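Written below as structure tokens is the structure these notes are about.
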Amino acid sequence: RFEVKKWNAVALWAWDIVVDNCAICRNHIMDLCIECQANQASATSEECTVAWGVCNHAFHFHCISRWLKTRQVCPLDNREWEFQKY
Amino acid sequence: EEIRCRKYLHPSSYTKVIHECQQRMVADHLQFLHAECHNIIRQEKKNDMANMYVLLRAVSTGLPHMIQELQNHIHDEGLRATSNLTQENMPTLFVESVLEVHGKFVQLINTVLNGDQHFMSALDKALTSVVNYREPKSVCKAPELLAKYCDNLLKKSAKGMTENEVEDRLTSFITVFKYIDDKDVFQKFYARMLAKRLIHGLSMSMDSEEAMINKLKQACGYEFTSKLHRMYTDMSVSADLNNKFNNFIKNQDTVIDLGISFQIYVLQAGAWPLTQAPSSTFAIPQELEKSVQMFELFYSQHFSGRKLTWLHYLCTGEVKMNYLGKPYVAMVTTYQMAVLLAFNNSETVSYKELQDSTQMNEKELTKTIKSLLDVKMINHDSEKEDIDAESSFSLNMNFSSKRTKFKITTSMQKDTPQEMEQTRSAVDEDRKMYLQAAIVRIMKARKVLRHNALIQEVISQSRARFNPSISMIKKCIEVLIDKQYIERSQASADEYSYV
Amino acid sequence: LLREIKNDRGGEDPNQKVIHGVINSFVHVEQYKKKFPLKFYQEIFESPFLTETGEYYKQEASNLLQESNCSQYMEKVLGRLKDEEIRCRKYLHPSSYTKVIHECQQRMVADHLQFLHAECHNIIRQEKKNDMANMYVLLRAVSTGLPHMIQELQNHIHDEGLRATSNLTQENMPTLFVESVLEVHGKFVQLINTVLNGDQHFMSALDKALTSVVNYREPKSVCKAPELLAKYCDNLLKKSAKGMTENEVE
Ligand SMILES: [Zn+2]
Ligand SMILES: [Zn+2]
Ligand SMILES: [Zn+2]
């Protein structure tokens, strides 16, 4: 019986930023965040506010706040995240 | 004469006396010294040449002829030391042959020729054509030769030269690289050789590659090694990436079963020379299917907006061939790894049985069995052992080699001329890309130039990159005509204008 | 007459010598008129021609988007717009060269700015140099086509220079910071000069975008660039034995 153990693997990474799309939540920024995509009745469908920053990238407020728990760096550009608007 | 002049004349007359002295003994006899000036360099009479050099230094028109005579002789000396190079150890010989010529001539110019800059510049001009020994109606192999020479020393070797030995060897290698006139050709070739030294781990040491890259950056600026430095950065951080993903498995609610822990080598597609040349829709195994999705799901957690392109033609691994008297371990590429799952599924297998298994192209499918029939791991049960539409075979149990570990190595670390010609064409494509940039920018300055002035300065501007062909440049105007960017003048094709 | 032009646009070739003489006849009659020699040419032929080609290229543009994406729709538009540089040059009086070309753009690029600008963003972020030139010439003639690609290129450079000047190693921070911005400037000046004709309106976008990445102040801190460039000038003008010849320094 043949059994595979090692899988020495290479995968190229690139950029896939489609326009007006939540980069973390992998959907439109105007829609609900992936945390709010499930159990939509629990959410009020408003707290997914379009965040902004000096990096000039738009996400829902649940994205970066969840992201800030892991690292304090913007995902698209490897610099520290800020809030500039609402 | 000066000692005579010191004890008699005023100090203000010291220069005029000895200048008119040289005006009547080495300026009148300038042609007489020029007679054996060719002979005195060919014979390389050291002390005689210096006395000739000292007198010719004072002559306002006595040195440049001597500069040319040394330049031709160094050109004559350099060609002789590179013609008789053997075909076997050519990359080691060619670099050392230039260094032997360059080393003694630097030793010649610095010691007995008083280290004159023009004589040093004469060596730079003469040796530049020597190292670029382009045979007529052919291509210069020097960028590939320096690529091979750097790759030969950078691989781990059975001889195993010491770590400190490479650094002094590489320092002299930069001096040869300073005269190559085809730095872009070396860049693409070295990038591919850096790849085969990085994915397969076939490198002398990690810091040796960093030292080698940094020395290149000290020689051709930063934009020349930016892609290579990005390759080194990704290959170095990839150790932390696999540990970071291993934390993600422990960070999951449920345990996930898979093969060994991943050793993924995520590389930046923008700068790496790897390209999705094959278009085969190679399916991953069902055993391996959930393994990919877990890493893909993880990659969206710790990165964002990435959308990996899963390279497969450089993906390798192992498999346990549990059919023999004792367990065997073999390093296997993933193209030949997936077709082995057919053997575990059913010993009887045809060519069309693999069509609905891997969904790969017929050339890569042929290469998998071609890498299996020569190693006698499998046995082609058909009467004819060549390729055919049926291709009925099974597992050759006769393989009982004493080695407990053996790779299934394909033609990696070899240089097939098909992709090298593509890479050479890709270099020429990069040559065309930069040539158009200089042409419009030159037109962006004055908007009216003649053909000769436009041609000449692009050679000067791109001298540090390559030697652009005039026909190659003339194509770039035609493309900008087609793209309505440049406009030659109707009154004279010599002049050019703006669209 | 338009039926032999519509058929000419359909692939076949009628007698262009017959066609050109007939169209030139519409203006040669008024050669004795003192004022408006093309008045009969316009009110009888040009206005029906512009209306007919208005309803055909609007029909043709809508016929192309059904089975073609933006990467190949723009290729066919220059294919039609190159034929129009040839078609009217041998079928019409030369005074109507611009208006037929201008109206042709009004049905293929000017009426599909919503589709082009939607796909304008994805061209820049994937650096398709071959297909970016096709988008530039289409949007050059439209009075409002250029000022959207300017924003996309600026927001791409500002998103790219920040990538190259991020997570710098403290070992050689000044040299890494200066050479990162230089190559982002070096690459995109090459990209603008080659693909986007070296247009002046794009250099201002690149200049403004590089102003943001250099003056990208850290949170609750001050911009490190004016100090870093001072340390870069020190790192090469100093008496150092790490090569750095006089020609190299200058
Ligand atoms: Zn989101
Ligand atoms: Zn939400
Ligand atoms: Zn950002």
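Could you work out the local net charge near C:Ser47, counting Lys and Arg as +1, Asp and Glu as -1, over the other residues with Cβ closer than 15 Å to its Cβ? The partial results should precede the final answer.
Details: positive: C:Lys39, C:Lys99; negative: C:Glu43, C:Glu46, C:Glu52, C:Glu55, C:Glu103.
For residues surrounding C:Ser47, the net value is -3.
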Quarter of the Cα convex hull surface for the protein assembly as shown, i.e. its orientation-mean projected area (nm²)
55.9
Running a GNM on chain C with Cα contacts under 10 Å, which residue among C:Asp199, C:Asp234, C:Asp207 ends up with the highest mean-square fluctuation?
C:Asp234
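Rounding to the nearest 20 debye, state how big the charge dipole of the range C:113-250 is about its Cα centre with +1 on each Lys and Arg Cβ and -1 on each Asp and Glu Cβ. Intermediate results must be reported in sequence, preceding the final value.
Numbers: 14 positive and 17 negative charges, 47 e Å.
For this selection, approximately 220 debye.
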Along the charge dipole of the protein assembly as shown, Cβ charges K/R +1 and D/E -1, which of B:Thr409, B:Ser226, B:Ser12 sits furthest on the positive end?
B:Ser12
For A:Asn27, other-chain or 5+-apart residues with amide H closer than 5 Å (H placed, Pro excluded) are A:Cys22
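Give, to the nearest whole percent, the P(r) tail of the range C:134-211 beyond 18 angstrom, counting all Cα pairs.
Working: 1309 of 3003 pairs.
Taking all Cα-Cα pairs of the range C:134-211, the fraction more than 18 Å apart is 44 percent.
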Can you show me the helix-derived [θ] at 222 nm for the protein assembly as shown, built from DSSP H runs with n ≥ 4 at -39,500 (n - 2.57) apiece and divided by the number of residues, rounded to the nearest 500.
-18000 deg cm²/dmol
Given a 10 angstrom Cα cut-off, can you work out which residue in C:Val22, C:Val214, C:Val181 is the most mobile in a GNM of chain C?
C:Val22
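Evaluate the charge dipole of the range B:260-380 about its Cα centre and quote only its size in Debye, nearest 20, assuming +1 on the Cβ of each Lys and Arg and -1 on the Cβ of each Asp and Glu. Don't jump to the answer; show the numbers that get you there.
Numbers: 10 positive and 10 negative charges, 47 e Å.
The dipole magnitude comes to about 220 debye.
What average number of partner chain Cβ atoms lie no more than 10 Å from the Cβ of the residues making up B:479-485?
On the way: counts 1, 2, 0, 2, 8, 7, 8.
Going residue by residue through B:479-485 and averaging, the value is 4.
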Over the Cα atoms, compute the radius of gyration (one decimal) and Dmax (the largest Cα-Cα distance, rounded to a whole number) for the range B:362-499, in Å.
27.4, 81
Which of C:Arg217, C:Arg163, C:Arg80 moves the most in a Gaussian network model of chain C with Cα springs under 10 Å?
C:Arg217
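At 10 °C and a viscosity of 1.306 mPa s, what translational diffusion coefficient does Stokes-Einstein give for chain B, taking Rh as the Kirkwood radius over Cα pairs? Give it in µm²/s as a whole number. Show your work: numbers first, answer last.
Numbers: Rh = 28.5 Å.
It comes out at roughly 56 µm²/s.
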Nearest 0.05, what FRET efficiency do B:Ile459 and A:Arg1 give at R0 = 56 Å with Cβ-Cβ as r?
0.30
Placed amide H near B:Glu318: partners under 5 Å, 5+ positions off or other chain:
A:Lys5, A:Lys6, A:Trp7, A:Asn8, B:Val332
What's the magnitude of the charge dipole for the protein assembly as shown around its Cα centre, counting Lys and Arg as +1 and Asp and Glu as -1 at the beta-carbon? Answer in Debye, nearest 20.
1440
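Using a Förster distance of 45 angstrom, determine the FRET efficiency expected from the C-beta separation of B:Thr171 and B:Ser497, and round it to 0.05.
0.35
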Rh_Kirkwood(chain C) over Cα pairs, Å, one decimal, evaluates to 22.3
How large is ³J(HN,Hα) for each residue in the range C:176-190, as worked out from phi by the Karplus curve 6.51 cos²θ - 1.76 cosθ + 1.60 (θ = phi - 60°), to whole Hz, x for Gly and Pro?
5, 5, 5, 6, 6, 5, 5, 6, 5, 5, x, 5, 6, 4, 5
Residue-by-residue Karplus 3J(HN,Hα) for the range B:260-266, coefficients 6.51, -1.76, 1.60, Hz, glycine and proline x
6, 4, 5, 10, 4, 10, 3
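All Cβ positions, even for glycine, are placed from backbone atoms using ideal geometry, and neighbour counts span all protein chains on display. Read the figures in this text as sums done on the coordinates, not as results from a lab.
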